[PDB]
Amino acid sequence: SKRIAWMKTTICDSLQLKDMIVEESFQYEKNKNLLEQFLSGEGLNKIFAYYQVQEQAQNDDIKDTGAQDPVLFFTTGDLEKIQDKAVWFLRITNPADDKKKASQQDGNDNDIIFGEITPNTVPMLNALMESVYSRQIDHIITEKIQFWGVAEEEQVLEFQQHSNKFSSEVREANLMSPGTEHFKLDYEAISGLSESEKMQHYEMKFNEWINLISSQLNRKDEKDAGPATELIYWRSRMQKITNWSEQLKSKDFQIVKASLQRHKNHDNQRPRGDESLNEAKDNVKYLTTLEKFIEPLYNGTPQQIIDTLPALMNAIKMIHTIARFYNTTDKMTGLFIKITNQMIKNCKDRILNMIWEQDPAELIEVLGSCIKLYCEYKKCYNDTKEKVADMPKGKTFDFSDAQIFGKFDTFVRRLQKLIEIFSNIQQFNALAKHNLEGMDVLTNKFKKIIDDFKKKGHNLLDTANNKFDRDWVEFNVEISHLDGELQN
Amino acid sequence: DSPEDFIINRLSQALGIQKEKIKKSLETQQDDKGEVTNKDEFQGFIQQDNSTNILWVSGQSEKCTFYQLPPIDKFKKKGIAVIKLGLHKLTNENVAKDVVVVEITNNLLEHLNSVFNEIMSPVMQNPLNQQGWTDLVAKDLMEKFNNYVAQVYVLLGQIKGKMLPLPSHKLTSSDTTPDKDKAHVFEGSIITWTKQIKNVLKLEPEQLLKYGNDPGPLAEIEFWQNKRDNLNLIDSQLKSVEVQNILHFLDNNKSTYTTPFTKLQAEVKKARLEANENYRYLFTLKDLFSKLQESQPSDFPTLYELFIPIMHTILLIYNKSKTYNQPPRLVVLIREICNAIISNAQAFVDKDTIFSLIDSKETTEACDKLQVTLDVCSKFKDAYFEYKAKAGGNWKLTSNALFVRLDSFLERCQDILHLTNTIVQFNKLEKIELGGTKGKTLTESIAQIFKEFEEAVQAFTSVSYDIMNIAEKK
């Protein structure tokens, strides 16, 4: 009785004032049996009532109670149960004894869980989850430590994204436009369907669909613009060709096709099935299995760049299931030179914060760590080249000759020059501190050399030749004069 | 004002009765806002499209209750969230025609269990029929997270208290038997099942080592019984008829990757791998907490009298399961015995503090505690040699790795031993011995040898620190 009074109090403020039909719904025996079995049953955890509406000369409201919860059925259009309000009742504790004692003394509020949802809302179910559970999980994983907190947050975000997408997923007005009469319905022109004007309108609309799909089905060079950008565009191709696949799988866009078939206007039915999506969806579905994470471009420390390199070269081992074409061996070598270009971008970024101003100490550390990173790159890329030798054993049919003449060779020679230059600078610092009792005057000469060296070092990016060569024309001869001092 | 009164009614429906502090908050209170470190975010919320939720917080401090959009650390508090529904500031339309109510008053994991498994899973038919129907595959992926963490919340109640995962195998029902999407979500679900099963089934002593850094015989016993019960519950999950019906449908669909993998790669007692039967065999155990004594009754005479009954209960070898008692695992159990020994030894050494005796009382406690500790050690040694005399035939044959914390600690006690023994001996003869020289030099000898020896002694006591890990150094 107390539960019935409570639910009656809860109902009125929600949609409309309390009514005798609402009371009679309670008085009904079926609703009482359901409520009793719910209170006394570990199995049934939910109660539902439908505020059903019936439209006649005047609007009528009736209330029913069921165990099943069809909350979006009412939102679906052209249904008897449309525009019907939904109520949810959840119990807290499963055991019957605890439910009994709670009904006797505990607050109905703590003891019952209540959920209300609009009638006639396509994204209501997607909105509820995002609004409550996505927030609670995010706050709580941060507040207290749990197993797989980051994975849990990721999972919640992925479901939220799918749910948000699917509300507006339904088809309307790339954007493929159906006829107005067809959006009304399909067979509404009993003989007007066989009309030149209507048929040609559907025909030109589908020709435009064909052109719009082709303009995107037709990729960029895998040697340029960056590996991250390439991965972003591959993901965009996936989601994009996927959205268009759902576009074509919609009913209406295929029924205008069936209308062109019914009118025999084959010149559009068939170019849609031939010229358009299969090969691109195929190739893209095989490229999907790439485990990209932008570690290198967000690294600030050589340790981060290194442990990035293992991460990328371990994610890359999924070369196999990827498709032959987008994973062409030469395109793989291009993506390799692009990975190295991103690597050298990050190398210049970390070197910016500056071995040519700072003392030999940071130079020792950065040179050591950058050499370790280069050895890591060399060896992990040798394992990846073991995978590139895995490729032909099953794909000896075609080969991609070694195209190793990239910028990475020249700049790795540049880095070798930097390594030797600065290591000999290191050893010469101590050796000059051993040689000439005038420490300052000898180190003064050496530092003049180092300073005009580092100032002429402004030409690397465009001219490794100018920079390093002129740097050497100065430094070699001046350090050989310092070798004449070491010879004194 | 109407949203505020409807909020009164909702909090009445979901938390309790409207409080007087609530009635005061009806009119916006800057004191309330400053306490809740927020501005008029609810007022901005009703108009703003971006903000979609608000949560009422049932705080309880000193047996009193108090009541922000984004949830806070919710441990003692009951939360009620109200949600926008695309309608902003519509007076004619009813406020609850425009808002959604949810409760999070329960603990979040069991409560997500409740809301989701109770509501979401049966609803999805007509949105599908209207839509591209792959939203149902999205919903099947949603049928992977909440309860998955709900029986894992038993795990967490263990985890929050303490490495013993209890799984939640989620199941989804198909509308059509032959379907690549349905058969594939089933197959992938059972593959995740196999992965989670492998996780707990492959929990070996090596994994015990990779996780834990302080082992114990108690820990091993509890983890064995816990394997027993966790595998029992996993076997219940697997023996459930619907869990077998998913594999039956996969067999009907001939997805013979899931089914033989679930039957072989899994290590369940019903699987041919027998490791659950291993815990079945290991169930026949008895154990006793005698060594593990935290309070003062664990005297050193106690510790010795504990080592004697323990090295007495351990004589059960010939009748033990030869595998679980294999000489190597037996040596491991002896090492864990010694780790309990060293725990209790340091526990007693804590209050010992013989290094802090006064000059007149120095070496008195040092002797007493020292010799009794040495007795306990020597007795461990001789009774454990009696145990080593049990070298006999079992499954395994293994060398001995009986180099335990108690040995390094015997050395930690050796430096103190030689120290304090020589201190008491030295001072005893030093007070009485000054010289045959004349007494100016004799009193010189007193005030010259005692301070010297005490400096040496205190420096010794200080440089006796790292003997835990480097007994040679210290």
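Residues numbered from 1 in each chain as written, not as in the entry; some residues may be left out. Chains lettered and ligands numbered in written order. Part of a larger assembly, values for the part shown. Heavy atoms only, no water.

This entry lists cryo-EM as its structure determination method and reports a resolution of 8 Å.

1. Overview of the nonpolar core
A general trend in soluble globular proteins is that nonpolar side chains are found buried together. Counting 46 residues, the largest nonpolar core has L128 and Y133 of chain A together with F116 of chain B as the members making the most contacts within it. No other element matches helix 5 (residues 108-123) of chain B, which puts eight residues into this core. Every residue in contact with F116 of chain B, bar those within four places of it in the chain, is listed here: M129 and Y133 of chain A together with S121, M142 and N146 of chain B. Within the second largest apolar cluster, 36 residues are counted, among which are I47 and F114 of chain A together with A14 and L26 of chain B. (Core = buried A, V, L, I, M, F, W, Y, C linked by side-chain atoms within 4.5 Å. Buried < 20%, exposed > 50% of the residue type's maximum accessible area, 1.4 Å probe, protein only. Helix = DSSP H or I, 4+ residues; strand = E, 2+ residues; numbered from the N terminus. Contact = heavy atoms within 4.5 Å.)

2. Here we look at the packing of aromatic side chains
All names here are of chain A. For the coordinates displayed, the defined rule picks out 19 aromatic pairs over all chains. Arranged with centres 5.6 Å apart and planes meeting at 75 degrees, the rings of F89 and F114 form a pair that is edge-to-face. In this pair, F89 is assigned in strand 3 (residues 85-91) and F114 in strand 4 (residues 112-117), connecting sequence segments 25 residues apart. Exposure class is identical for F89 and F114. Each is buried. (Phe/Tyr/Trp six-rings, centres within 6.5 Å; stacked < 30°, edge-to-face > 60°.)

3. What to know about the sheet that holds strand 1 (residues 53-57) of chain B
Residues and elements named next belong to chain B. Spatially, the three strands line up as an open sheet ordered 1-4-5, and their pairing is antiparallel. Every other strand in the sheet has two partners, leaving strand 1 and strand 5 (99-103) as the edge strands with one partner each. Looking at each pair of strands side by side, their axes are set apart by 20 degrees on average, direction ignored. Taken together, the five bridges between strand 4 (residues 79-84) and strand 5 define a ladder with antiparallel strand orientation. Across the sheet, residue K84 finds its bridge partner in strand 5, namely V99. (Pairing = 2+ DSSP bridges. Axes fitted to C-alpha atoms, helices over the stretch in contact; angles between N-to-C directions.)

4. Some thoughts on the side chain of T262 of chain B
With respect to the element layout, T262 of chain B can be found in helix 13 (residues 258-264). When sequence neighbours within four positions are dropped, the list of residues in contact with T262 of chain B reads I190, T194 and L247 of chain B.

5. Thoughts on the pairing of strand 1 of chain B
All names here are of chain B. The buried fraction of strand 1 amounts to five of the five residues, a majority that puts the element mostly inside the structure. Burial of strand 1 is two-sided: the residues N53, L55 and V57 facing one way and the residues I54 and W56 facing the other way are all buried. Looking at chain direction, strand 1 and strand 4 are connected through five bridges and run antiparallel. Across the sheet, the residue bridging to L55 is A81, located in strand 4.

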